[PDB]
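See below for the structure under consideration.
Residue numbers (the entry's author numbering), protein chains in the order written: chain B, 392 to 439; chain C, 972 to 1020.
Here it is in structure tokens:
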């Protein structure tokens, strides 16, 4: 692929199922949306 | 499909999930359209003779 965009953020475990194309949430509406033509991967790790 | 109205599936399901059920209806309407054109070409050949 050409380039990669790595976005660094902390999301609690209620909203981690709303990171997917075409979702609805607190962060998944008014902050960070994923369109239906978006292609990529989601990497998570426990920072507790 | 669950509903036969194209405006209903846009108003119900998720936009990943609604593209399956709309494309079942478009494929079903094209097979009924392919049924109609194939019969009218043969009836045009029977009326030609």
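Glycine included, each C-beta is placed from N, C-alpha and C at the ideal position.
Reference residue i, options the options, closest by Cα
{"i": "residue 429 of chain B", "options": "B:406, B:410 and B:405", "result": "B:410"}
{"i": "residue 989 of chain C", "options": "B:432, B:427 and B:431", "result": "B:427"}
{"i": "residue 405 of chain B", "options": "B:431, B:393, B:419 and B:398", "result": "B:419"}
Residue i - containing alpha helix (DSSP H), residue span
{"i": "residue 1019 of chain C", "result": "989-1019"}
For residue i, three-class secondary structure by DSSP
{"i": "residue 978 of chain C", "result": "helix"}
{"i": "residue 428 of chain B", "result": "coil"}
{"i": "residue 421 of chain B", "result": "helix"}
{"i": "residue 403 of chain B", "result": "coil"}
{"i": "residue 414 of chain B", "result": "coil"}
- Task: For the segment 420-436 of chain B and the segment 994-1010 of chain C, state whether three or more C-beta atom pairs, one from each stretch, are separated by less than 8 Å.
- Result: no
- Message: Does the structure place the segment 981-997 of chain C close enough to the segment 411-428 of chain B that three or more beta carbon pairs sit under 8 Å?
- Response: yes
- Item | Contact residues within the segment 399-416 of chain B, judged by C-beta distance below 7 Å to chain C | 412 and 413
- Where the segment 418-433 of chain B meets chain C: residues whose CB sits under 8 Å from a CB there: 427
- Query: Got a sec: which bits of the segment 980-997 of chain C sit with their beta carbon under 7 Å from any beta carbon on chain B, in order along the chain?
  - Reply: The residues in question are 985, 986 and 987.
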